[PDB]
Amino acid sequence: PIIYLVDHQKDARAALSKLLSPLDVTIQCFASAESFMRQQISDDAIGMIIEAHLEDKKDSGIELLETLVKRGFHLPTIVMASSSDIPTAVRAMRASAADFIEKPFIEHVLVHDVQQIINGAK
């Protein structure tokens, strides 16, 4: 079981990976939408975590989600942002995000959201 994390913040990829390692899943990370788009989506992928504003480009992470959904890829996605206004949250939900989490986040919220994806997958 693989969950792709797309976030341009090095510390975030590090911190998030550590927090979720003791969960039954592999966290494969990407520093940008461009980098992730070169990735052959694995059949073992069950979910995704995406920073809403990749590289400080407002809503670029959500656009990535919208693009993937448009291309038929339907993986439960958790959208996260350390900066967010109401329209961004709404756009995220309309883009089918399973949840939108503001950062700094509460670890149990994230852990719970991921476990749910893990369980719903099996």
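Numbers for residues come from their place in the sequence shown, where the first is 1.
So, looking at the entry's B-factor column for Cα atoms, which has the higher mean, 69-77 or 44-52?
Looking at the record's C-alpha B-factors, the answer is 69-77.
Using only C-alpha atoms and the B-factors in the entry, which stretch averages higher, 30-38 or 83-91?
It is 30-38 that shows the higher mean C-alpha B-factor.
For the CA B factor values reported in this entry, which option in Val114, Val25, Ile101, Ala98 has the top one?
Checking the PDB record, the top C-alpha B-factor among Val114, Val25, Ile101, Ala98 is at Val25.
Which third of the chain holds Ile3 when residues are ordered by C-alpha B factor: lowest, middle or highest?
Ranked within chain, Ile3 CA B lands in the middle tercile.
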